[PDB]
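*Asks:* Every letter in the sequence shown is one number past the one before it in PDB author numbering, and letter 168, counting from 1, is 168. Cβ coordinates follow ideal geometry from the N, Cα and C atoms, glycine included. My structure is below; once you've seen it, I'll send some questions.
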Amino acid sequence: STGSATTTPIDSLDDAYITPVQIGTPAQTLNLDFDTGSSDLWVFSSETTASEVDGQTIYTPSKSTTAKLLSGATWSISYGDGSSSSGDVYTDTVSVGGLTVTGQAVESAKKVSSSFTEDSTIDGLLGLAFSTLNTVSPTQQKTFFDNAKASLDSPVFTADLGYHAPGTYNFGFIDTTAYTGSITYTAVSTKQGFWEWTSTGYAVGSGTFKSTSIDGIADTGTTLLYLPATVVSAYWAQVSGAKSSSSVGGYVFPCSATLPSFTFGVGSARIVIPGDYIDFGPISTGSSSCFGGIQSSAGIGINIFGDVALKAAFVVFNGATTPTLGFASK
């Protein structure tokens, strides 16, 4: 089997991407944030505290003939940005882009934090990291990808995110028309439950490439590119007027600037992030200070190749017995 679904930016800045997902019978279509940095499939639901729902589409398990309470199971998750959610669990049929999993754990939110409530376009998350991170207790549950794997033509999924445009998540096949040149594969460590890999270095603009190992995670659920302070300082030093602002919470730059590209290494290959991908616009409406798309990972504890980086590539998440990651230009 295979699946193919379009993923669409939620706003003009590509702050996140939503992908339609069919849950239950008859289908209830919710727009979920596919997140390769977590491993829970959770949704706004008929059980979500009413004051914490503001415009989201909800899953109502009582209206699904295939929903079953997973008795005794609860979940609770906290994300890197300090957001959180929790609730109980149903199993139901879940389909993404024509690919159907029966008996998928669908985690129903009873509570969500304010950032989720305020995001009217995101109806929940679909985790695509390794199932060892799944938060369901007392019986940990598998991700959609792990449940689908056996049925897939090939045990892979791919992320092809657009810059200010829709893109695609495919399951079970590699679309050889979706990228240019070759795919370069690189080793993955699953020790922390993430798609963790080591970049071979970076360049700023037309500068020379610096060979240096940068361990980090491929995370579709993180907006920006978070890298070591040394790397990030070298980047922003090439933008006149750029500075790190503790009041704003990161590097800002004059909106009048033209940003240089940023290149990262994947083995001997190179992925180029155009300067425009690094512009996240005015810090507040009408401001001439703009927020940068490359930020320091210092104090996160991990480097994160988020959407800024991933959208510059066609990315293969290879879930074979020994997982790997592949990157191609596009």
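Pull up the distance between the alpha-carbon of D54 and that of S211, whole angstroms please.
*Replies:* Going from the Cα of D54 to the Cα of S211 covers about 47 Å.
*Asks:* If you draw a straight line from the alpha carbon of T200 to that of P323, how long is it in whole angstroms?
*Replies:* Looking at the two C-alpha atoms, the distance is approximately 18 Å.
*Asks:* Please say whether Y59 and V43 have beta carbons closer to each other than 8 Å?
*Replies:* Cβ atoms of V43 and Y59: closer than 8 Å.
*Asks:* Can you tell me whether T230 is helix, strand or coil according to DSSP?
*Replies:* Helix.
*Asks:* Quick one: any contact between the stretch 307 to 326 and the stretch 218 to 236, if contact means 3 or more CB pairs under 8 Å?
*Replies:* The stretch 307 to 326 vs the stretch 218 to 236: in contact.
*Asks:* Please state the DSSP three-state secondary structure of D307.
*Replies:* Residue state, collapsed to three classes: helix.
*Asks:* So which of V252, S247, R270 and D276 has the shortest CA-CA distance to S261?
*Replies:* Ranking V252, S247, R270 and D276 by Cα distance to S261 puts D276 first.
*Asks:* On the DSSP bridge list, what partners appear for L30?
*Replies:* Its beta-bridge partners are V21.
*Asks:* Could you give the DSSP three-state label for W236: helix, strand or coil?
*Replies:* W236: helix per DSSP, three-state reduction.
*Asks:* Please name the residue, chosen from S71, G193 and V204, that lies closest to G127 on a Cα-to-Cα basis.
*Replies:* The option with the nearest alpha carbon to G127 is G193.
*Asks:* Less than 7 Å separating the Cβ of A309 from some heavy atom of the ligand ADP?
*Replies:* Questions concerning the ligand ADP fall outside what the structure shown contains, since it holds no ligand whatsoever.
*Asks:* Rounded C-beta distance between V89 and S108? I'm assuming under 8 Å.
*Replies:* About 7 Å separates the two Cβ atoms, so the contact holds.
*Asks:* Kindly identify the DSSP beta-bridge partner or partners of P282.
*Replies:* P282 is bridged to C290.
*Asks:* Going by DSSP in three states, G127 sits in which element: helix, strand or coil?
*Replies:* In the structure shown, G127 sits in a strand (DSSP, three-state: E or B).
*Asks:* So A257 packs on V239, CB below 8 Å; how close in whole Å?
*Replies:* Contact holds; Cβ gap of about 5 Å.
*Asks:* What's the gap between the Cα of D215 and the Cα of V188?
*Replies:* Going from the Cα of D215 to the Cα of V188 covers about 10 Å.
*Asks:* Taking the alpha helix (DSSP H) that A148 belongs to, which residues open and close that run?
*Replies:* It spans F144 to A148 - the alpha helix (DSSP H) in which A148 sits, taken as one unbroken run.
*Asks:* Residues in its own chain within less than 6 Å of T117 by CB, not counting five upstream and five downstream?
*Replies:* Same-chain partners within the cutoff: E52 and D54.
*Asks:* Going by alpha carbons, who is nearest to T176 out of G299, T8 and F327?
*Replies:* Considering only alpha carbons, the answer is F327.
*Asks:* In or out: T143 buried (at least 16 other Cβ within 10 Å) or exposed?
*Replies:* So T143 ends up on the buried side.
*Asks:* Mapping the DSSP letters down to three states, classify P323 as helix, strand or coil.
*Replies:* Three-state DSSP puts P323 in coil, outside helix and strand.
*Asks:* Quick test of your reading: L13 and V21, contact by CB under 8 Å. State the CB separation rounded to the nearest angstrom.
*Replies:* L13 to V21, Cβ: 23 Å. No contact.
*Asks:* What are the start and end residues of the beta strand (DSSP E) that includes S86?
*Replies:* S86 -> beta strand (DSSP E) spans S84 to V96.
*Asks:* Tell me whether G281 is buried or exposed, calling it buried when 16 or more other Cβ atoms sit within 10 Å of its Cβ.
*Replies:* That one is exposed.
*Asks:* Tell me which residues share the same chain as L41 and place their Cβ nearer than 8 Å to its Cβ, disregarding the 5 neighbours each side in the sequence.
*Replies:* Cβ within range, chain order: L32, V94, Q104, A105, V106, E107, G124, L125, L126, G127, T143 and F144.
*Asks:* Go ahead and pull the three-state DSSP assignment for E47.
*Replies:* DSSP places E47 in coil when its eight states are reduced to three.
*Asks:* Take every Cβ of the stretch 70 to 90, pair it with every Cβ of the stretch 127 to 139, and state whether three or more of those distances are shorter than 8 Å.
*Replies:* A contact exists between the stretch 70 to 90 and the stretch 127 to 139.
*Asks:* Figure out for me which residue from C255, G301, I273 and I300 has the closest Cα to the Cα of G286.
*Replies:* If we check each option's Cα against that of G286, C255 comes out closest.
*Asks:* Within 10 angstroms of its Cβ, does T184 collect 16 or more other Cβ (buried), or is it exposed?
*Replies:* Buried is the call here.
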